Amino acid sequence: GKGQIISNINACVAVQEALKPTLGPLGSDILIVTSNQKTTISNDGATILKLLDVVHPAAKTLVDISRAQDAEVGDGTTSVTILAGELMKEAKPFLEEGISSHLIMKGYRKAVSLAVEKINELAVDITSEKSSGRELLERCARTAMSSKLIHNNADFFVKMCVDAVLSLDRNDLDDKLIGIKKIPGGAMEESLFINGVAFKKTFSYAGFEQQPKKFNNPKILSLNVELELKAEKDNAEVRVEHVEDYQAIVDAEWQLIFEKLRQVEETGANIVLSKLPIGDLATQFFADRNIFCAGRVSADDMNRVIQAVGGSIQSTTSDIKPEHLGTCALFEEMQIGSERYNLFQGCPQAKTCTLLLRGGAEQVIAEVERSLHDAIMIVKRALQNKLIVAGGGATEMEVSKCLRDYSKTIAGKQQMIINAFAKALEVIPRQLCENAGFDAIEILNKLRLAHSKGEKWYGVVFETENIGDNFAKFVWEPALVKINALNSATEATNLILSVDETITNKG
Amino acid sequence: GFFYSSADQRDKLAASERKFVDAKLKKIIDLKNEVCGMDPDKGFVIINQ
Amino acid sequence: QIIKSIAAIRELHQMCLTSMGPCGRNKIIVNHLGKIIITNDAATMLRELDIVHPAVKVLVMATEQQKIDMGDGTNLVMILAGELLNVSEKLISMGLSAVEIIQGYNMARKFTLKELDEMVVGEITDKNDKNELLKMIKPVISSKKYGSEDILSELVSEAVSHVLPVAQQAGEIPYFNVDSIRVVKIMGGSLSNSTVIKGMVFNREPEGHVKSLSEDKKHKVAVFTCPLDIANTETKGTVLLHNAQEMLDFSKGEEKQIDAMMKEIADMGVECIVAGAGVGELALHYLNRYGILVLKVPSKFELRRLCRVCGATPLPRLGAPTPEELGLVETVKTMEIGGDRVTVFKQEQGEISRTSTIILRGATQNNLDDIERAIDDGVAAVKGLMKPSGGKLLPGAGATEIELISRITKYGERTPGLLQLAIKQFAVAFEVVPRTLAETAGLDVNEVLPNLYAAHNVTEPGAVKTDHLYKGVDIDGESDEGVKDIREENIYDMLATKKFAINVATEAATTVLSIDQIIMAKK
């Protein structure tokens, strides 16, 4: 019935209402408690919405468009969900007057056809004009870091952000290739950029304080099996019928382990990585041979080592082939972070890197970790996609303007539908002002004044509350966001409004 | 059991047991042509269960 | 109880009122297994729902009757039979017994089916041309997926024409198997990059070291049912382990035998070996050095359709490469579809194939999954064209419905007796079809209805209307005024679907009126 359609609209508002404060870099965050009890806090709407798992069917539609927003684009997962549900909120009083929902859904796609042609007119292709290689990455990095506690220390952070994307191929860039490890303690401006991967310094075993901190060209070897004799947890039960065979079996177990130990000694691999803990027998034998070994290596950390030096892991120490070994340029273990951490540096074949951060608390670094991801996604889409448009509400206010004039030239019911479509676009700039604390009454009214004077580039200043141009504020967004958002929001809105009945089978 | 040295020898062992069935099969196809073989409107159907 | 049974059907009747038509509504179906699906076709919804009430079971069992012998009319039999019970409510409250009501529909059914033969306009020549298939398939894609009607028209019509051979005036040899047309979907891309290729499409990866074969035509294909392994004895032949000395002979023994078996097989000239079972590790390394493409097909259903295309036959044994049973293929390569590289099967201008596969691409799997069900229903629409008057057609989109009403009312005054009340109510029940398209499209119902009767009722010097019989029920979506002719876009329903849907819905409606009481007892 007609009440089922209205009930499905209000069900999407409750999900949309939670995602409203998450719009914008300064917006509020949602606190979700997973069934596993692990608590995660992030401003990215993708991971947030994936943790809801709402049983309501229309809420799943917002999840499908969120995965495509994170896959094809990766940015704007919050705005695509708010815009998809905003059209249903404004269409609620339209259904009470007797207007069928089909003409309402058909009227949305009529404005999208004019919106696609509008994005192409607002898309400006510029690369080397009035810019350069370094000046492009430097000016755009300080914009995402604005209105943050790192704004004063952003001078050192931009230099590390430019060299991060230059260490990887410019044709294919991935944000997951740059790792970030939270290091508690220390100053935030003392962090450095690393080409390789670093470890957590988990070693509790004696023998520390003796090690050279500088290697020339060490050999890296990955072993999939543990090598130990007497561990600190389990034991070994040896029962034989002879008294003289007690020490023989104990010495036999020592020779079986020493077998695989001397095989690496003949290979001469200075670096040994293993996902399993290493006993005290191998660590003591490798001390005199100047061989370093690291036990309990993480799976995600060792997988990046394969792409670093170009080697591979082998099960045993016997059949290891020479191409599985690898060598870096320099190996240095410094005191950065009030703890000694070993890391690889200078790998020419490394397809991944790691960016270390420092701070007084791990939660403060997490706010910086998610802030650096926003600057990477801007550079990620600035390379492959050459069309750049003015973001931060600039383009959003332009799409609503022109569609208001097209309604007067289109007779029929499409006049009020397109006018309502342009009015529904005002939620994006509004919520941005409501999150940061700006007044939505004055700013939205003062912005519409100069916006009709013929200049289409007027944005919203995120630093000091005022009307202005995002071109001078260096707020840029790729044209793929505006194209994919309007197509995903229209398809999600037309799908929910087309459902007049909710059928749920139990069993 | 059937022991074959080559793949072509196995076909002779499989046809050896079928030869007992083929011996009774030749008498069936020959009975149709023996009585009204060339006469029109004549056929044969196998109802074997 | 008959009136109460209609009220329960009326709730189900309103479900199909939002189904039929391109402007209709889609219903979400949440299975008990935790899977949320949505589809336009109502026959799928009835399968996932448990049917209990006896009057509802009649329409559900009649819906399955529409699934066989045709792929269209699922929403036609439900709406038509549902309205016949609604218009019969005025006869029940008037005091007319349901016995004469059933007899009245039987007299009107014979008059309706006889007139459908005289209302035919065109006839399909069964030319199997690409342009001729666009007329039948285009309206079938409509009412299910919107916006893909023009896009999927060229994709479906080209794939069906490849399966249909070249013949004329021959009805003895059957053809058009259902499984011959397979529809697969790949996430990513769009429908613009979709093409039509002749052959089967496999989603498995090329585990062999040979990614693609050469460009030489007529490559031999060997389909082996028995897995690759050393030849054993059909009687017993169980491998047992006794001492460590025999362990070295097991690895070295199978090394020379497997290499010798694949040798003579690969020397026969066959460049493709299809193994329907698991492939060993040692046997895979031997075929890779000889340039032999290894393709595993664990599904036994795909091997049956391959026999009618390439010509190869599955062999239950291993080591007997019979050249008479080998097939031929011009090109076997591995193409990347949606990011994944899979080995396909195709041919060019030779060895005509009765089995084809449509490759689809889309960003959202939800709406893309409904495209597969829309094409499968479009393939079944080709079955409507047969020798026993299959090429006959009638104008759709409410054109035939309203036009038939004026002809039925003429037979009412010509038939004396109490049957006049049943004939009049039989024609009024056809007004639900135009109202369904007019209400779901957002247009005013009170505006469209008088414009329809004004077009179908004209004054001409004669007893047979000539100039325009083509006035339909149009979905406008335009600015001011005006409609379209059925002949313009060639959107119509075939006679085989309409004649079968009306005949079943008539008996299904009279069946509900026959049961005035229900009795339930322990079996």
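What counts and how
- Residues numbered from 1 in each chain as written, not as in the entry; some residues may be left out.
- Chains lettered and ligands numbered in written order.
- Part of a larger assembly, values for the part shown.
- Heavy atoms only, no water.
- Helix = DSSP H or I, 4+ residues; strand = E, 2+ residues; numbered from the N terminus.
- Rg over C-alpha atoms; globule rule 2.2 N^0.38 Å.
- Buried < 20%, exposed > 50% of the residue type's maximum accessible area, 1.4 Å probe, protein only.
- Contact = heavy atoms within 4.5 Å.
- Areas by Shrake-Rupley, 256 points an atom, 1.4 Å probe, with all protein chains shown as cover.
- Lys, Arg positive; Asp, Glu negative; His and termini not counted.
- Charge placed at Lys NZ, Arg CZ, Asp CG, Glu CD.
- Buried area = accessible area lost by both parts, 1.4 Å probe.
- Salt bridge = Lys/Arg side-chain N within 4 Å of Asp/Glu carboxyl O.
- Polar contact = N/O pair within 3.5 Å; in protein donor to acceptor, adjacent residues only side chain to side chain.
- Nonpolar A, V, L, I, M, F, W, Y, C, P; charged D, E, K, R; others polar.
- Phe/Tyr/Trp six-rings, centres within 6.5 Å; stacked < 30°, edge-to-face > 60°.
- Core = buried A, V, L, I, M, F, W, Y, C linked by side-chain atoms within 4.5 Å.
- Domains from an automatic or database assignment.
- Pairing = 2+ DSSP bridges.
- Right-handed = clockwise from strand over helix to strand, strands pointing away.
- Axes fitted to C-alpha atoms, helices over the stretch in contact; angles between N-to-C directions.
- Left-handed = near helix turned anticlockwise from the far one by under 90°.

- Method of determination, as annotated in the archive: cryo-EM, at 4.69 Å resolution.

Some remarks on the overall build of chain A
Okay, so step 1: Helices and strands together make up the secondary structure of chain A, namely 18 helices and 18 strands.
Okay, so step 2: Expected size for 507 residues packed as a compact globule is a radius of gyration near 23 Å; at 29 Å, chain A overshoots this value by more than 25%.
Okay, so step 3: The principal-axis extents of the C-alpha atoms in chain A amount to approximately 105 × 65 × 40 Å.
Okay, so step 4: Here chain A holds 507 residues, and 44% of them are scored as buried.
Okay, so step 5: Look at the contacts in chain A between residues 6 or more apart in sequence, and 72% of them connect residues 24 or more apart.
Okay, so step 6: Total accessible area on chain A is roughly 27,200 Å²; 51% of this is exposed by carbon and sulfur atoms.
Okay, so step 7: Charged side chains of chain A number 57 positive and 68 negative; the gap between the two group centres comes to 6 Å.

A few points about the interface of chain C and chain B
Interface size is commonly expressed as the accessible surface area that is lost when the partners come together.
Okay, so step 1: Tallying the contact residues gives 8 residues for chain C and 6 residues for chain B.
Okay, so step 2: Taken over both partners, the interface formed by chain C and chain B buries close to 540 Å², and the fraction arising from carbon and sulfur atoms is 49%.
Okay, so step 3: Contact with chain B buries surface across chain C, with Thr233, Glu234 and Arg317 of chain C losing the most and accounting together for 56% of the total.
Okay, so step 4: At the boundary of chain C with chain B, the tally comes to 1 salt bridge.
Okay, so step 5: One salt bridge in this structure joins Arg10 of chain B and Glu234 of chain C, with 3.9 Å as the shortest N-O distance.
Okay, so step 6: In this structure, the connection of chain C to chain B is made through 2 residue pairs in polar contact.
Okay, so step 7: Across the side of chain C that touches chain B, the residue classes tally to 2 nonpolar, 4 polar and 2 charged.

Concerning the packing of aromatic side chains
All names here are of chain A.
Okay, so step 1: Summed over all chains, the structure comprises 12 aromatic pairs over all chains.
Okay, so step 2: With a centroid separation of 6.1 Å and an interplanar angle of 45°, the aromatic rings of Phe292 and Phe331 are classed as tilted. Of this pair, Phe292 sits in strand β9 (residues 292–294) while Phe331 sits in strand β11 (residues 330–334), and the two are 39 residues apart along the sequence. Neither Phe292 nor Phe331 differs from the other in exposure class; each is buried.

Topic: the nonpolar core
Okay, so step 1: One finds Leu12, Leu59, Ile408, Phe426, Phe430 and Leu513 of chain C to be the most contacted residues of the largest nonpolar core, which totals 54 residues.
Okay, so step 2: Looking at this core element by element, the count peaks at 9 residues for helix α4 (residues 74–87) of chain C.
Okay, so step 3: Discounting chain neighbours no more than four positions away, the residues touching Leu12 of chain C are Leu46, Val56, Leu59 and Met78 of chain C.
Okay, so step 4: Within the second largest apolar cluster, 39 residues are counted, among which are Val63, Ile119, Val389 and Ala489 of chain A.

Let's talk about the interface of chain A and chain C
Okay, so step 1: Listed as interface residues are 27 residues of chain A and, on the opposing side, 27 residues of chain C.
Okay, so step 2: Interface of chain A and chain C: buried area, both sides summed, is about 2,200 Å²; carbon and sulfur atoms make up 50% of it.
Okay, so step 3: Taken as a group, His102, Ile503 and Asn505 of chain A account for 26% of the area that chain A buries against chain C, more than any other trio of residues on that side.
Okay, so step 4: Where chain A packs against chain C, one counts 2 salt bridges.
Okay, so step 5: Looking at the side of chain A that touches chain C, the elements that each hand over two or more residues are α3 (57–73), α6 (101–122), α18 (479–497) and β18 (502–504) of chain A.
Okay, so step 6: Of the residues forming the side of chain A that touches chain C, the biggest block, 6 residues, is contributed by α6 of chain A.
Okay, so step 7: Class assignment of the residues belonging to the side of chain A that touches chain C gives a composition of 9 nonpolar, 9 polar and 9 charged.

Focus on the domain arrangement of chain A
Residue and element names in this part refer to chain A.
Okay, so step 1: Domains assigned within chain A are domain 1 (127–194 + 384–388) and domain 2 (198–383).
Okay, so step 2: Taking only C-alpha atoms, the centre of domain 1 and the centre of domain 2 are 30 Å apart.
Okay, so step 3: Between domain 1 and domain 2, the residue contacts involve 34 residues of the former and 36 residues of the latter.
Okay, so step 4: With both chains or domains summed, domain 1 and domain 2 bury close to 3,900 Å², and 63% of this area falls on carbon and sulfur atoms.
Okay, so step 5: Contact with domain 2 buries area across many residues of domain 1, yet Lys181, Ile183 and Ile194 alone supply 20% of it, more than any other trio.
Okay, so step 6: Put simply, domain 1 and domain 2 have 2 salt bridges between them.

Thoughts on the pairing of strand β7 (residues 293–296) of chain C
All names here are of chain C.
Okay, so step 1: The pairing of strand β6 (residues 270–275) with β7 spans 4 bridges and is classified as parallel. Each residue of the ladder has a partner; that of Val274, found in β7, is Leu295.
Okay, so step 2: Handedness of the β-α-β unit built from β6, helix α10 (residues 281–289) and β7 comes out right-handed.

Examining the packing of helix α1 (residues 2–17) of chain C against α4 of chain C
All names here are of chain C.
Okay, so step 1: α4 packs onto α1 with a crossing angle of 145° between their chain directions and a minimal axis gap of 9 Å. Like other packed secondary-structure pairs, α1 and α4 cross with a definite hand, here left-handed. Mapping the contact onto sequence places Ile6, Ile9, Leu12, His13, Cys16 and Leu17 in α1 and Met78, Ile79, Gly82, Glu83, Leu85 and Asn86 in α4.
Okay, so step 2: Residues of the contact of α1 with α4, tallied by class, amount to 8 nonpolar, 3 polar and 1 charged.

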